[PDB]
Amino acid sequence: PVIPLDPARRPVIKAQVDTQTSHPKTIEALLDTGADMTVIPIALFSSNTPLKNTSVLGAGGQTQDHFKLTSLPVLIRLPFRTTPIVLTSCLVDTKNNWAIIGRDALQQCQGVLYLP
């Protein structure tokens, strides 16, 4: 789809995320060209699975604590596309339950920014 851009309305998509540690869930995610790597809420993973420690710099400062890194690839299905996005690794939000589609996923989408 062509997705308009409006400061008042977050550009969002429904995505089916498979962490390969539990059952795939459909979630609302932010479409974010400023994000190097996709961010999945920890709730989509099983309590036991191993995650990796990581340090993340973003607008609020630097955090050692808030995000982890996955140990398995993550599979993402977007409504219009039959072919699943395959992410070797992404970030995992242990706190604020953020779901954010970054440029790693948008690349495999063939997503572009267009400014006339």
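Think of the rigid core as the biggest set of C-alphas that the two forms share within 1.5 Å after superposition. Residue positions are given as counts along the sequence shown, with the first one as 1.
Stretch 56-64 is the one, of 70-78 and 56-64, whose CA positions lie farther from the shown form in 7 other deposited structures of this protein once all structures are superposed by the rigid core. In a rigid core superposition of the other structures in 7 other deposited structures of this protein, 93-101 and 19-27 differ in how far their CA atoms stray, and the farther one is 93-101.
Here the stretch with the larger average CA B-factor, out of 64-72 and 77-85, is 77-85. The stretch with the higher mean CA B factor, choosing between 31-39 and 55-63, is 55-63. Considering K95, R103, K14, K25 together, the PDB entry gives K95 the largest C-alpha B factor. Among the modelled residues of its chain, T21 has a C-alpha B-factor that falls in the highest third, as given in the PDB entry.
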